[PDB]
> 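This structure is in structure tokens; I'll ask about it shortly.
Residue numbers start at 1 and run along the sequence shown. The basis for the numbers below is simple: all heavy atoms, side chains too, and nothing from hydrogens, waters or symmetry mates.
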Amino acid sequence: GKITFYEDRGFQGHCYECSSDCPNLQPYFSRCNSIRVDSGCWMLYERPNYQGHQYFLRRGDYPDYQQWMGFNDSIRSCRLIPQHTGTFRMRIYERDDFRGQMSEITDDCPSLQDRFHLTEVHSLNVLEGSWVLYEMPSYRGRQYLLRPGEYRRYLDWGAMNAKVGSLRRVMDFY
């Protein structure tokens, strides 16, 4: 995994290369206005220790933070999402604590509204591979990284609401 963070736009000024998770990037750069992912899939976070707004980024050039959906130029921590080949699988629940109707999802879902007539998800279990949960349909609004484990309440994936409109498997372009 190789990613480079730059303080200014169009890959100008101070930069820092990273190749593994880092719960605190501040000692390496004061702001982030552009990024180049040379390899791997990443989860970036506005504050250290993996909190604040989250942004998923795959290989490519990001000359300005709007290219990543950034809320601003603060990138304080990052996760190198472990690569996963084969079957990605998760189960969504209408109610918290794994209650009510459950749906098993194994592919990207650009819209839970269209497929399940669902606006919100109260609990979820991921069984294999990491995913990316988005607040609105079509991988829009707030982003949340989901790694294999139980999420009994939307707070476990750290959202501020139960709105879940889309899901994306964390996969390289290849």
Side-chain angles (χ1 to χ4, degrees), residues 1 3 5 9-10 25 31-37 40-47 50-84 88-96 100-174:
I3 189 181
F5 300 100
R9 252 167 202 104
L25 291 165
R31 63 190 179 280
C32 184
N33 286 283
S34 73
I35 291 159
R36 177 177 285 123
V37 188
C41 301
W42 307 73
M43 217 74 198
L44 294 194
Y45 300 80
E46 171 177 15
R47 293 195 340 237
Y50 317 126
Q51 304 186 65
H53 274 91
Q54 319 192 9
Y55 326 103
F56 177 50
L57 275 83
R58 283 189 297 200
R59 301 197 250 46
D61 271 21
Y62 313 71
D64 140 316
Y65 74 64
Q66 254 140 228
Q67 282 321 127
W68 63 81
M69 254 42 278
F71 184 76
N72 58 17
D73 68 358
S74 162
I75 292 295
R76 316 173 145 173
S77 61
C78 57
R79 266 191 170 131
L80 160 75
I81 317 149
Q83 238 222 180
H84 180 70
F88 274 74
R89 171 134 45 212
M90 51 170 304
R91 288 206 207 133
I92 50 161
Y93 296 92
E94 215 202 308
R95 306 197 297 280
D96 73 340
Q101 183 125 21
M102 185 267 292
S103 330
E104 192 169 275
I105 295 145
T106 57
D107 40 83
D108 291 346
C109 186
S111 170
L112 275 82
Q113 167 123 218
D114 278 342
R115 191 133 100 180
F116 300 115
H117 307 278
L118 281 162
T119 49
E120 294 175 9
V121 166
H122 292 77
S123 56
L124 53 75
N125 190 170
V126 170
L127 285 190
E128 297 153 275
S130 284
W131 301 56
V132 179
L133 174 159
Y134 306 75
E135 175 179 20
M136 297 170 195
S138 294
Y139 316 119
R140 277 160 61 246
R142 318 202 40 156
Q143 309 172 230
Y144 304 100
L145 172 58
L146 299 174
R147 295 182 288 142
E150 312 189 346
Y151 293 76
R152 306 281 192 148
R153 61 227 45 193
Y154 73 72
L155 234 135
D156 287 340
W157 56 84
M160 196 135 160
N161 63 49
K163 250 154 39 145
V164 156
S166 53
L167 294 150
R168 191 210 308 276
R169 300 176 282 164
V170 160
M171 313 160 56
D172 216 353
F173 300 82
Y174 293 57

> Is a salt bridge present between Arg89 and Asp107, judged by a nitrogen-to-oxygen distance below 4.0 Å?
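A salt bridge is absent here (no side-chain N lies under 4.0 Å from a carboxylate O).
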> Can you name the residues that form a salt bridge (charged side-chain N to carboxylate O under 4.0 Å, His left out) with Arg152, not counting sequence neighbours?
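Scan of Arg152 (salt bridge (charged side-chain N to carboxylate O under 4.0 Å, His left out), adjacent residues dropped) gives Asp97, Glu150.
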> In the structure I gave you, are the side-chain heavy atoms of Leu167 and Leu112 within less than 4.5 Å of one another anywhere?
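Sidechains of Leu112 and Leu167: in contact.
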> Atom CZ of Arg115 and atom SG of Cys109: how far apart are they, to the nearest 0.5 Å?
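Answer for the CZ-SG pair, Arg115 versus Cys109, is 4.0 Å.
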> Going by salt bridge (charged side-chain N to carboxylate O under 4.0 Å, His left out), name the residues that satisfy it together with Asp172, two or more places apart in sequence or in a different chain.
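Per chain and number, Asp172 pairs via salt bridge (charged side-chain N to carboxylate O under 4.0 Å, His left out) with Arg59.
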> Partners of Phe116 by ring-ring contact (aromatic ring centres under 6.0 Å, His included), sequence neighbours excluded?
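Counting only residues at least two positions away or on another chain, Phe116 forms no ring-ring contact (aromatic ring centres under 6.0 Å, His included).
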> If we only count heavy atoms from C-beta on, is the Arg168 to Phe56 side-chain gap below 4.5 Å?
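Counting from C-beta outward, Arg168 and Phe56 do come under 4.5 Å.
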> Where is the tightest heavy-atom contact between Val132 and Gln143, given as atom of each residue plus distance?
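In this case the closest contact between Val132 and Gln143 is CG1-NE2, 4.2 Å.
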> Would you call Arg31 and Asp73 a salt bridge, taking side-chain N to carboxylate O under 4.0 Å as the test?
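Salt bridge between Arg31 and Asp73, a charged N being under 4.0 Å from a carboxylate O: no.
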> Find out whether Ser138 and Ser166 are in side-chain contact, i.e. whether some heavy atom of one side chain is under 4.5 Å from a heavy atom of the other.
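No - every pair of side-chain heavy atoms lies 4.5 Å or more apart.
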> With a 4.5 Å cut-off on side-chain heavy atoms, are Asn161 and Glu135 touching?
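Touching, per the 4.5 Å side-chain cut-off.
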> Measure the spacing between CG of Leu118 and OG of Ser103 and express it to the nearest 0.5 Å.
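Output value for this atom pair is 6.5 Å.
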> Using modelled atom types only, decide if a donor and an acceptor are shared between the side chain of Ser123 and the backbone of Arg95 within a distance under 3.5 Å.
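Confirmed, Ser123 side chain pairs with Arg95 backbone.
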> Taking all non-hydrogen atoms of both residues into account, name the closest pair between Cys78 and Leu44 and its distance.
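The pair with the smallest heavy-atom distance is CB-CD2, 3.5 Å.
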> Please evaluate residues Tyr144 and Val164 with respect to the criterion side chain to side chain contact (heavy atoms under 4.5 Å, CB included), reporting the C-alpha separation (whole Å), side-chain torsions for both, the decisive distance (0.1 Å), and the verdict.
CA-CA 10 Å; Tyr144 304 100; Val164 156; over 6 Å; no
> List for me each residue that meets side chain to side chain contact (heavy atoms under 4.5 Å, CB included) alongside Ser111, sequence neighbours excluded, and say none if there are none.
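Here the qualifying residues are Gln113, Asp114, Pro137.
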> Using the test salt bridge (charged side-chain N to carboxylate O under 4.0 Å, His left out), find all partners of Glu46 that sit at least two apart in sequence or belong to another chain.
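Not a single residue meets the salt bridge (charged side-chain N to carboxylate O under 4.0 Å, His left out) criterion with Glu46.
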> Restricting to salt bridge (charged side-chain N to carboxylate O under 4.0 Å, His left out), what partner residues turn up for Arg58, sequence neighbours left out?
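With neighbours one apart ignored, the set is empty.
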> State whether the number of non-hydrogen atoms from other residues, nucleotides or ligands found under 6.0 Å of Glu104 atom CD is greater than 12.
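Yes, CD of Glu104 has more than 12 neighbouring heavy atoms, counting only those of other groups under 6.0 Å.
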> Give the C-alpha distance, both sets of side-chain angles, the deciding distance and a yes or no for side chain to side chain contact (heavy atoms under 4.5 Å, CB included) between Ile105 and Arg91.
CA-CA 6 Å; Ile105 295 145; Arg91 288 206 207 133; over 6 Å; no
> The criterion is side chain to side chain contact (heavy atoms under 4.5 Å, CB included); which residues satisfy it with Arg79, sequence neighbours excluded?
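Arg79 satisfies side chain to side chain contact (heavy atoms under 4.5 Å, CB included) with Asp21, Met43, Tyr45, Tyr50, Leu145, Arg147 once adjacent residues are dropped.
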> Looking at every heavy atom in both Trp42 and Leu80, which two are closest together, and how far apart are they?
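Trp42 and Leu80 have their closest heavy atoms at CZ3-CB, 3.8 Å.
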> Taking only residues two or more places apart in sequence, or in another chain, which ones meet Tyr154 in a ring-ring contact (aromatic ring centres under 6.0 Å, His included)?
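Applying ring-ring contact (aromatic ring centres under 6.0 Å, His included) to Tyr154 gives none.
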> So which heavy atom on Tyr151 is nearest to which on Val126, and how close?
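Scanning both residues, the minimum pair turns out to be CE1-CG2, 3.9 Å.
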> Just so I know, are the side chains of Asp61 and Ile35 near enough to count as touching, which here means a heavy-atom distance under 4.5 Å?
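Side chain of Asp61 against side chain of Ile35, heavy atoms only: no contact under 4.5 Å found.
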> Could you tell me the separation between the CZ atom of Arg36 and the CG atom of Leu57, rounded to the nearest 0.5 Å?
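Here the interatomic distance stands at 13.0 Å.
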> Please evaluate residues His122 and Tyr93 with respect to the criterion ring-ring contact (aromatic ring centres under 6.0 Å, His included), reporting the C-alpha separation (whole Å), side-chain torsions for both, the decisive distance (0.1 Å), and the verdict.
CA-CA 6 Å; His122 292 77; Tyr93 296 92; over 10 Å; no
> Of all the heavy-atom pairs spanning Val121 and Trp157, show the shortest one and how long it is.
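The answer is O-CH2, 3.6 Å.
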> Check whether any side-chain heavy atom of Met90 sits under 4.5 Å from a side-chain heavy atom of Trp131, and report yes or no.
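Yes, side chains in contact.
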> If you look only at pairs with a residue in residues 63-72, which of them pass as a side chain to side chain donor-acceptor pair (under 3.5 Å), with sequence neighbours excluded?
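Every pair satisfying side chain to side chain donor-acceptor pair (under 3.5 Å) with a residue in residues 63-72: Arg9-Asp64.
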> Would you say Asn125 and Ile92 make side-chain contact, with heavy atoms under 4.5 Å?
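They are not in side-chain contact.
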> Who are the ring-ring contact (aromatic ring centres under 6.0 Å, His included) partners of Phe5, not counting sequence neighbours?
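Testing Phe5 for ring-ring contact (aromatic ring centres under 6.0 Å, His included), a comparison that skips the adjacent residues, returns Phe29.
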> If the condition is ring-ring contact (aromatic ring centres under 6.0 Å, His included), which residues does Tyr134 pass it with, not counting sequence neighbours?
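Here the qualifying residues are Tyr139.
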> Of all residues at least two apart in sequence or in a different chain, which pass the side chain to side chain contact (heavy atoms under 4.5 Å, CB included) check with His84?
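Per chain and number, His84 pairs via side chain to side chain contact (heavy atoms under 4.5 Å, CB included) with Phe88, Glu128.
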> Go through it in stages, so that I can follow the logic: the residues are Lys163 and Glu120, the test is salt bridge (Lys or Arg N to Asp or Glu O under 4.0 Å), and I'd like the CA-CA distance, side-chain angles, deciding distance and then a yes or no.
CA-CA 4 Å; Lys163 250 154 39 145; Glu120 294 175 9; over 6 Å; no
